[PDB]
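What follows is the content of my_file04.txt, which has compact mmCIF, C-alpha atoms:
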```
# COMPACT_ATOMS: atom_id res chain seq x y z
CA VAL C 3 0.00 0.00 0.00
CA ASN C 4 1.22 3.53 -0.81
CA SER C 5 -0.03 7.11 -0.41
CA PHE C 6 -0.82 7.93 -4.05
CA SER C 7 -4.51 8.90 -4.31
CA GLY C 8 -7.04 9.40 -7.11
CA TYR C 9 -5.09 7.58 -9.86
CA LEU C 10 -6.68 5.54 -12.61
CA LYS C 11 -5.01 2.14 -12.99
CA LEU C 12 -3.87 1.50 -16.58
CA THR C 13 -1.94 -1.74 -16.08
CA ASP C 14 -0.50 -3.94 -13.34
CA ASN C 15 2.16 -1.29 -12.65
CA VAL C 16 1.19 2.01 -14.35
CA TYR C 17 -1.22 4.56 -12.87
CA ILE C 18 -2.26 7.99 -14.19
CA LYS C 19 -3.84 11.17 -12.81
CA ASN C 20 -4.65 14.71 -13.98
CA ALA C 21 -2.40 16.59 -11.59
CA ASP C 22 0.33 19.19 -11.26
CA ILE C 23 3.44 17.10 -10.51
CA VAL C 24 4.72 19.90 -8.25
CA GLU C 25 1.58 19.82 -6.10
CA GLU C 26 1.51 16.05 -6.14
CA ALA C 27 5.14 15.83 -5.02
CA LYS C 28 4.54 18.37 -2.24
CA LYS C 29 1.64 16.30 -0.90
CA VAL C 30 2.99 12.75 -1.27
CA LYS C 31 6.73 13.40 -0.70
CA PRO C 32 7.51 10.32 -2.82
CA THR C 33 10.81 8.50 -2.58
CA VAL C 34 11.45 9.45 -6.22
CA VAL C 35 10.11 12.27 -8.39
CA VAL C 36 11.18 12.21 -12.03
CA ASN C 37 12.28 15.42 -13.73
CA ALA C 38 11.95 15.96 -17.48
CA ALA C 39 15.58 17.05 -17.71
CA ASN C 40 17.90 18.08 -20.52
CA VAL C 41 21.54 17.01 -20.81
CA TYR C 42 22.78 20.25 -19.23
CA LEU C 43 20.32 20.07 -16.30
CA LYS C 44 19.21 23.60 -17.22
CA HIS C 45 15.76 23.65 -15.64
CA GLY C 46 14.27 26.56 -17.55
CA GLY C 47 10.74 25.58 -18.46
CA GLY C 48 8.22 22.82 -18.71
CA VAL C 49 8.20 20.31 -15.87
CA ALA C 50 11.84 21.05 -15.04
CA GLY C 51 11.29 24.78 -14.71
CA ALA C 52 8.28 24.16 -12.48
CA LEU C 53 10.04 21.63 -10.23
CA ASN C 54 13.09 23.87 -9.91
CA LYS C 55 10.96 26.93 -9.10
CA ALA C 56 9.25 24.93 -6.34
CA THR C 57 12.71 24.27 -4.80
CA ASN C 58 13.51 28.01 -4.78
CA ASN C 59 16.29 27.29 -7.35
CA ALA C 60 18.08 24.81 -5.05
CA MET C 61 17.63 22.11 -7.72
CA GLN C 62 19.45 24.33 -10.25
CA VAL C 63 22.30 25.10 -7.82
CA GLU C 64 22.81 21.39 -7.12
CA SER C 65 22.54 20.59 -10.83
CA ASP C 66 25.17 23.16 -11.82
CA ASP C 67 27.63 21.57 -9.39
CA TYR C 68 26.77 18.11 -10.81
CA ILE C 69 27.47 19.25 -14.38
CA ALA C 70 30.66 21.05 -13.41
CA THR C 71 31.96 17.78 -11.93
CA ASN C 72 30.55 15.20 -14.35
CA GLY C 73 29.72 16.93 -17.62
CA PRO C 74 26.42 16.58 -19.48
CA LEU C 75 24.12 13.60 -19.36
CA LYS C 76 23.37 11.47 -22.42
CA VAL C 77 20.04 11.71 -24.21
CA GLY C 78 18.25 8.66 -22.81
CA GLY C 79 20.30 8.85 -19.60
CA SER C 80 19.67 9.95 -16.04
CA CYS C 81 21.17 10.90 -12.72
CA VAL C 82 19.88 10.76 -9.15
CA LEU C 83 20.07 14.01 -7.19
CA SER C 84 18.28 15.41 -4.16
CA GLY C 85 14.52 15.76 -4.18
CA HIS C 86 14.85 18.89 -2.02
CA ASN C 87 11.46 19.82 -0.51
CA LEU C 88 9.56 17.71 -3.07
CA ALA C 89 10.76 14.10 -2.63
CA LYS C 90 13.61 12.12 -1.14
CA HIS C 91 15.32 11.91 -4.54
CA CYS C 92 14.90 13.43 -7.97
CA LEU C 93 15.64 11.17 -10.93
CA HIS C 94 16.60 13.56 -13.73
CA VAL C 95 15.79 11.70 -16.96
CA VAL C 96 16.61 13.03 -20.43
CA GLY C 97 14.04 12.07 -23.02
CA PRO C 98 14.73 13.02 -26.64
CA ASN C 99 13.65 16.56 -27.55
CA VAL C 100 11.94 16.42 -30.96
CA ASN C 101 12.32 20.19 -31.27
CA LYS C 102 16.12 19.57 -31.29
CA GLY C 103 15.89 16.62 -33.78
CA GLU C 104 16.76 13.78 -31.34
CA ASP C 105 15.89 10.20 -32.17
CA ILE C 106 12.53 9.16 -30.68
CA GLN C 107 13.78 5.61 -30.34
CA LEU C 108 15.78 7.00 -27.42
CA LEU C 109 12.50 7.35 -25.55
CA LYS C 110 12.57 3.66 -24.60
CA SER C 111 16.12 4.01 -23.23
CA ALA C 112 14.95 7.03 -21.20
CA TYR C 113 12.09 5.07 -19.62
CA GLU C 114 14.43 2.15 -18.79
CA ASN C 115 15.95 4.39 -16.09
CA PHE C 116 12.67 4.11 -14.17
CA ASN C 117 13.28 0.36 -13.66
CA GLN C 118 16.06 1.15 -11.17
CA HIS C 119 13.43 2.49 -8.72
CA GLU C 120 10.61 0.48 -7.18
CA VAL C 121 8.09 3.37 -7.11
CA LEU C 122 8.17 6.75 -8.89
CA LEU C 123 6.07 9.85 -9.47
CA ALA C 124 6.74 10.96 -13.04
CA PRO C 125 5.65 13.02 -16.04
CA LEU C 126 5.35 11.58 -19.52
CA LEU C 127 8.86 11.72 -20.96
CA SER C 128 9.42 13.80 -24.09
CA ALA C 129 5.90 15.29 -23.84
CA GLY C 130 5.09 18.98 -23.54
CA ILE C 131 7.86 21.26 -24.77
CA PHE C 132 10.01 18.24 -25.72
CA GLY C 133 7.71 17.84 -28.72
CA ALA C 134 6.81 14.14 -28.77
CA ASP C 135 3.31 12.70 -29.04
CA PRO C 136 2.16 12.05 -25.44
CA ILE C 137 0.04 9.09 -26.58
CA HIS C 138 3.22 7.49 -27.89
CA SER C 139 5.09 8.36 -24.70
CA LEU C 140 2.44 6.62 -22.60
CA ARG C 141 2.62 3.52 -24.80
CA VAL C 142 6.42 3.36 -24.46
CA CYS C 143 6.09 3.87 -20.70
CA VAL C 144 3.65 0.98 -20.33
CA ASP C 145 5.74 -1.29 -22.56
CA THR C 146 9.08 -0.43 -20.88
CA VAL C 147 8.61 0.37 -17.20
CA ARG C 148 8.11 -2.66 -14.96
CA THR C 149 8.31 -0.86 -11.62
CA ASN C 150 5.39 1.06 -10.14
CA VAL C 151 4.93 4.41 -11.87
CA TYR C 152 2.42 7.13 -10.99
CA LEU C 153 2.07 9.48 -13.96
CA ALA C 154 0.97 13.08 -13.44
CA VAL C 155 -0.53 14.80 -16.49
CA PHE C 156 -0.93 18.57 -16.02
CA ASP C 157 -3.40 19.21 -18.86
CA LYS C 158 -6.94 17.93 -18.18
CA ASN C 159 -7.77 17.85 -21.87
CA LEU C 160 -4.69 15.72 -22.59
CA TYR C 161 -5.34 13.46 -19.59
CA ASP C 162 -8.83 12.62 -20.90
CA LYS C 163 -7.43 11.94 -24.38
CA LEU C 164 -4.71 9.64 -22.97
CA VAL C 165 -7.24 7.60 -20.98
CA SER C 166 -9.86 7.42 -23.72
CA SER C 167 -7.33 6.28 -26.35
CA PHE C 168 -5.44 3.82 -24.12
CA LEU C 169 -5.28 0.27 -25.44
```
As structure tokens, please, write out the structure in this file.
Amino acid sequence: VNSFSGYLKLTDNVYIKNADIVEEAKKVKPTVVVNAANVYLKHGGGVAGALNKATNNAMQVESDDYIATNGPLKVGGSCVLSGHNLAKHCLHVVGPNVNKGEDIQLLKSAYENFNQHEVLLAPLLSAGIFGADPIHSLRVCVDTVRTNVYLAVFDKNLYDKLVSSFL
């Protein structure tokens, strides 16, 4: 049993809710919140900008030190950093950004990072300002992630479309 509330069950292990991931993280304080990161961990907009703003920029400060030490992530890769006031840990995962021309096949590699964590609160990777089709992202999630994932979808209109079209 866990504290996630109001989710629709899509499969054995994938759950979905119309929610602001920031507000959901603040309320649940999950072990892991996933950030929709880029390779530079520059949290300017989208989910990343919102999560970072909610940490009062502490996520960005920590991220800048990480990059200075380790260099950029790979597209499809991830790193574990602090969850600050939102979660125990933040798993920064880099999905391909279609608006930069990155290969969408890398979306499966990106979701494979979730399998290293038993339970996660997450957005749909490569959705929103990353330019991919969220219906496709949900399909890859369901077909790749085997651990327990609670997906937060900000847009109510999109949430209803994802549910109604789910196979």
Do you have, as a Markdown table, the list of residues of range 102-151 of chain C lying at most 9 Å from range 29-37 of chain C, each with its nearest atom pair and that distance in Å to one decimal, counting all atoms listed in the file and ordered by chain then number?
```
| residue | atom | partner | partner_atom | distance |
| --- | --- | --- | --- | --- |
| C:116 | CA | C:36 | CA | 8.5 |
| C:119 | CA | C:34 | CA | 7.7 |
| C:121 | CA | C:34 | CA | 7.0 |
| C:122 | CA | C:34 | CA | 5.0 |
| C:123 | CA | C:35 | CA | 4.8 |
| C:124 | CA | C:36 | CA | 4.7 |
| C:125 | CA | C:36 | CA | 6.9 |
| C:127 | CA | C:37 | CA | 8.8 |
```
Exercise. Would you please work out which residue, of C:133, C:4, C:18, C:152, is nearest to residue 164 in chain C when using all atoms listed in the file?
Key: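 Nearest candidate to residue 164 in chain C out of C:133, C:4, C:18, C:152: C:18.
Here the question is which of C:159, C:59, C:80, C:72 gets nearest to residue 94 in chain C using all atoms listed in the file, and that residue is C:80.
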Quiz item: Given the choices C:68, C:113, C:156, C:42, which gets closest to residue 141 in chain C if the distance is worked out from only C-alpha atoms?
Solution: C:113
Quiz item: With all atoms listed in the file as the basis for distance, which of C:41, C:110, C:105, C:60 is at the shortest distance from residue 76 in chain C?
Solution: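 Going through C:41, C:110, C:105, C:60 one by one, the smallest distance to residue 76 in chain C is for C:41.
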Listed atoms of range 118-124 of chain C boxed axis-aligned with 5 Å per side, centre + edges as lines of an AutoDock Vina configuration file:
```
center_x = 11.1
center_y = 5.7
center_z = -10.1
size_x = 20.0
size_y = 20.5
size_z = 15.9
```
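Around the coordinate (-10.8, 6.1, -11.3), residues that reach within 12 Å when counting all atoms listed in the file are residues 7, 8, 9, 10, 11, 12, 17, 18, 19, 20, 162 and 165 of chain C.
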Quiz item: Using only C-alpha atoms, which of the listed residues (C:154, C:104, C:75, C:54) sits closest to residue 26 in chain C?
Solution: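 Selected residue with least distance to residue 26 in chain C: C:154.
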Practice problem: Figure out the distance between CA of residue 21 in chain C and CA of residue 167 in chain C, please, to one decimal in Å. | Solution: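 Between CA of residue 167 in chain C and CA of residue 21 in chain C the gap is 18.7 Å.
Of note, CA of residue 91 in chain C and CA of residue 109 in chain C are spaced 21.7 Å apart.
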Self-check item: Nearest residue to residue 106 in chain C from the set C:46, C:51, C:78, C:73 (distances using only C-alpha atoms)
Solution: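 Among the listed residues, C:78 lies closest to residue 106 in chain C.
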Quiz item: Rounded to one decimal in Å, what is the spacing between CA of residue 24 in chain C and CA of residue 139 in chain C?
Solution: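 It comes out at 20.1 Å.
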Exercise. Extract, using only C-alpha atoms, all DNA, RNA and protein residues at most 8 Å from residue 66 in chain C, discarding same-chain residues fewer than 4 positions from it, and format them as JSON, numbers by chain.
Key: {"C": [43, 62, 70]}
Quiz item: Can you tell me, as an NGL selection string, what residues are no more than 10 Å from residue 129 in chain C when counting only C-alpha atoms, ignoring any on the same chain fewer than 4 positions away?
Solution: :C and (38 or 48-49 or 97-100 or 125 or 133-140 or 155)
May I ask you to restore N, CA, C and O atoms in range 13-32 of chain C and write the result as a JSON list (two decimals), keeping the file's coordinate frame?
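Final file, part.json:
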```json
[["chain", "number", "residue", "atom", "x", "y", "z"],
["C", 13, "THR", "N", -2.46, -0.39, -16.00],
["C", 13, "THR", "CA", -1.94, -1.74, -16.08],
["C", 13, "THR", "C", -1.58, -2.22, -14.68],
["C", 13, "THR", "O", -1.84, -1.55, -13.68],
["C", 14, "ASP", "N", -0.97, -3.40, -14.61],
["C", 14, "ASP", "CA", -0.50, -3.94, -13.34],
["C", 14, "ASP", "C", 0.34, -2.92, -12.59],
["C", 14, "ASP", "O", 0.26, -2.84, -11.36],
["C", 15, "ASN", "N", 1.15, -2.12, -13.31],
["C", 15, "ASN", "CA", 2.16, -1.29, -12.65],
["C", 15, "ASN", "C", 2.11, 0.19, -12.99],
["C", 15, "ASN", "O", 2.87, 0.96, -12.40],
["C", 16, "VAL", "N", 1.25, 0.62, -13.91],
["C", 16, "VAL", "CA", 1.19, 2.01, -14.35],
["C", 16, "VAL", "C", -0.16, 2.61, -13.97],
["C", 16, "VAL", "O", -1.22, 2.05, -14.28],
["C", 17, "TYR", "N", -0.09, 3.79, -13.36],
["C", 17, "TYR", "CA", -1.22, 4.56, -12.87],
["C", 17, "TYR", "C", -1.12, 5.97, -13.42],
["C", 17, "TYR", "O", -0.01, 6.45, -13.70],
["C", 18, "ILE", "N", -2.26, 6.66, -13.58],
["C", 18, "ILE", "CA", -2.26, 7.99, -14.19],
["C", 18, "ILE", "C", -3.30, 8.89, -13.52],
["C", 18, "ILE", "O", -4.37, 8.43, -13.10],
["C", 19, "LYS", "N", -2.97, 10.18, -13.44],
["C", 19, "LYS", "CA", -3.84, 11.17, -12.81],
["C", 19, "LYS", "C", -3.66, 12.52, -13.49],
["C", 19, "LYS", "O", -2.55, 12.86, -13.92],
["C", 20, "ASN", "N", -4.74, 13.30, -13.61],
["C", 20, "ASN", "CA", -4.65, 14.71, -13.98],
["C", 20, "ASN", "C", -4.20, 15.48, -12.75],
["C", 20, "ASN", "O", -4.98, 15.66, -11.81],
["C", 21, "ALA", "N", -2.95, 15.91, -12.75],
["C", 21, "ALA", "CA", -2.40, 16.59, -11.59],
["C", 21, "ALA", "C", -1.17, 17.37, -12.00],
["C", 21, "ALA", "O", -0.51, 17.05, -12.99],
["C", 22, "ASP", "N", -0.90, 18.41, -11.22],
["C", 22, "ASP", "CA", 0.33, 19.19, -11.26],
["C", 22, "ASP", "C", 1.38, 18.41, -10.47],
["C", 22, "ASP", "O", 1.22, 18.22, -9.26],
["C", 23, "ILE", "N", 2.42, 17.93, -11.15],
["C", 23, "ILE", "CA", 3.44, 17.10, -10.51],
["C", 23, "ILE", "C", 4.08, 17.81, -9.33],
["C", 23, "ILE", "O", 4.48, 17.16, -8.35],
["C", 24, "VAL", "N", 4.18, 19.14, -9.38],
["C", 24, "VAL", "CA", 4.72, 19.90, -8.25],
["C", 24, "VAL", "C", 3.84, 19.73, -7.02],
["C", 24, "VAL", "O", 4.32, 19.45, -5.92],
["C", 25, "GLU", "N", 2.53, 19.91, -7.20],
["C", 25, "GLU", "CA", 1.58, 19.82, -6.10],
["C", 25, "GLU", "C", 1.47, 18.39, -5.61],
["C", 25, "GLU", "O", 1.39, 18.14, -4.41],
["C", 26, "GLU", "N", 1.55, 17.44, -6.53],
["C", 26, "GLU", "CA", 1.51, 16.05, -6.14],
["C", 26, "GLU", "C", 2.74, 15.66, -5.33],
["C", 26, "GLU", "O", 2.64, 14.97, -4.31],
["C", 27, "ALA", "N", 3.92, 16.11, -5.77],
["C", 27, "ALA", "CA", 5.14, 15.83, -5.02],
["C", 27, "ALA", "C", 5.09, 16.45, -3.63],
["C", 27, "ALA", "O", 5.42, 15.80, -2.63],
["C", 28, "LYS", "N", 4.64, 17.70, -3.54],
["C", 28, "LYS", "CA", 4.54, 18.37, -2.24],
["C", 28, "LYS", "C", 3.64, 17.61, -1.27],
["C", 28, "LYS", "O", 3.91, 17.57, -0.06],
["C", 29, "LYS", "N", 2.60, 16.97, -1.77],
["C", 29, "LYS", "CA", 1.64, 16.30, -0.90],
["C", 29, "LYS", "C", 2.07, 14.89, -0.54],
["C", 29, "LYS", "O", 1.94, 14.48, 0.62],
["C", 30, "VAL", "N", 2.61, 14.14, -1.49],
["C", 30, "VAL", "CA", 2.99, 12.75, -1.27],
["C", 30, "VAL", "C", 4.39, 12.64, -0.67],
["C", 30, "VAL", "O", 4.65, 11.75, 0.15],
["C", 31, "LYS", "N", 5.32, 13.51, -1.06],
["C", 31, "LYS", "CA", 6.73, 13.40, -0.70],
["C", 31, "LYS", "C", 7.23, 12.01, -1.09],
["C", 31, "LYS", "O", 7.71, 11.25, -0.25],
["C", 32, "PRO", "N", 7.12, 11.66, -2.37],
["C", 32, "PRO", "CA", 7.51, 10.32, -2.82],
["C", 32, "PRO", "C", 9.00, 10.11, -2.64],
["C", 32, "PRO", "O", 9.79, 11.05, -2.56]]
```
